[PDB]
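Partial complex here, more coming in a sec:
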Amino acid sequence: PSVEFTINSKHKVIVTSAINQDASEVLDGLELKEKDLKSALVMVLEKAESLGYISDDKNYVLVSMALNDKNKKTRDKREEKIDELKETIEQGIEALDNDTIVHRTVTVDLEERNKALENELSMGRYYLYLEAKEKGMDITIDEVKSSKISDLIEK
């Protein structure tokens, strides 16, 4: 399951949506667009924990972020936006304070986003998929989805 959040220039979440049924179960019930960045990330993880989808027994989470580079002004400020974006999720992570849980962050450009749109899949998942192709391992979206993120990382 993957969860996609939309934020504004003010680093404020405006729209929250789940791409998967499991994702909707955890994403649903979250009312706080103003502070969904850190709060939703930590609450969602707990929701998954309660549902049983995620187990504290060694769990890796991959988070991908993308900014609009179409604007020159945005590109320059992009470095500042990226640093703040990482910091906001960092706080959520600090909230969890779970040693067994390790986070990972990556950057996504418009090129990857366009590809994600074509495949109607989350850009974050696309990133992992890209690595799989490089490895040459026969990996598919459904198979990876059925497998845990931690399991995918460790091969």
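In hand now; what should we look at? Numbering: from 1, shown residues only, chains lettered A, B, ... in the order given.

Pull the number of nearby residues for residue A:103.
Around residue A:103 there are 17 other residues, counting by other Cβ atoms under 10 Å. Quick note: C-beta positions are derived from backbone N, CA and C, even for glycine.

Looks to me like it is in a strand.
Yes. Counting by DSSP: H, G, I helix; E, B strand; the rest coil, residue A:103 is located in a strand.

Report the separation between it and residue A:5.
Using Cβ to Cβ, to the nearest Å, residue A:103 is found at 15 Å from residue A:5.

same thing with residue A:101?
Using Cβ to Cβ, we find residue A:101 at a distance of 19 Å from residue A:5.

Then residue A:144?
21 Å.

Who has more neighbours out of the two?
Under the criterion of other Cβ under 10 Å, the comparison of residue A:144 against residue A:5 puts residue A:5 first, with 19 against 16.

My read is that that one contacts residue A:16, right?
Yes. Residue A:5 is within contact range of residue A:16, at 5.6 Å (criterion: Cβ atoms under 8 Å).

put chain B onto that model:
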Amino acid sequence: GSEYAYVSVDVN
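Just below you will find chain B, in place on the chains above:
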């Protein structure tokens, strides 16, 4: 254009 930026999270 309305959405300035967006982020995605992959978790199983």
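
Please re-evaluate the neighbour count of residue A:103 in the presence of chain B.
By the other Cβ atoms under 10 Å in any protein chain shown criterion, the neighbourhood of residue A:103 contains 18 residues.

Quick one: residues contacting residue A:25.
For residue A:25, the contacting residues are A:18, A:47, A:51, by Cβ atoms under 8 Å, 6 or more residues apart in numbering or on different chains.

pretty sure the second one is in a helix, no?
Going back to what we said before, that points to residue A:47. Yes. Under the criterion used here (three-state DSSP), residue A:47 sits inside a helix.

what's around it, how many residues?
Counted with other Cβ under 10 Å, the burial measure for residue A:47 works out to 20 neighbours.

Which residues are in contact with it?
A:25-27, A:29.

could you redo the last one with a cut-off of 10 Å?
A:22-23, A:25-30, A:40, A:53-54 (Cβ atoms under 10 Å, 6 or more residues apart in numbering or on different chains).

Among those residues, name the buried ones.
For the contacts of residue A:47, a burial check counting by 16 or more other Cβ atoms under 10 Å in any protein chain shown picks out A:22-23, A:25-27, A:30, A:40, A:53-54.
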